């Protein structure tokens, strides 16, 4: 049982990010849903670090605070807040990729963290390092 896991959540645009921070909620692809769910049960704390596609920044990070339901919403569709789950935002300020240039993910072929498909798990050590960069920010 890993105690903390870390994932990158890519957002298509900046509006979507803004809603996530104001409302404390998120949603993601079904492939990512099963992965995030068993992370949520396995690990004490699941951190979600967010990045708007082609924006050159991490727009802060959050903890995963709730599970991702289905069942009654399986023959329905993504409609009716299907897939919405609760996120607790920890730091909201943008972090430019440059500050994390030195951080590589051995779980994504020692590629840099700023390069990650949506849902990508970071190996916890670099994960813990990526989160710490925010302390430089006010």
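Residue numbers count along the first chain shown, from 1.
*Asks:* Can you tell me which stretch has the higher mean Cα B-factor, 75-83 or 60-68?
*Replies:* 75-83 has the higher mean C-alpha B-factor.
*Asks:* For residue 15, does the deposited CA B-factor place it in the lowest, middle or highest third of the chain?
*Replies:* CA B-factor rank for residue 15: highest third.
*Asks:* Using only modelled residues of the chain, where does the Cα B factor of residue 38 rank: lowest third, middle third or highest third?
*Replies:* Highest third, going by the recorded CA B-factors of the chain.
*Asks:* Taking the C-alpha B-factors as the PDB entry records them, is residue 2 in the lowest, middle or highest third of its chain?
*Replies:* As the PDB entry reports it, the C-alpha B-factor of residue 2 lands in the highest third of its chain.
*Asks:* Sorting the chain's CA B-factors, does residue 28 end up in the lowest, middle or highest third?
*Replies:* CA B-factor rank for residue 28: lowest third.
*Asks:* What third of the chain does residue 94 rank in for C-alpha temperature factor, lowest, middle or highest?
*Replies:* Residue 94: CA B-factor falls in the middle third of its chain.
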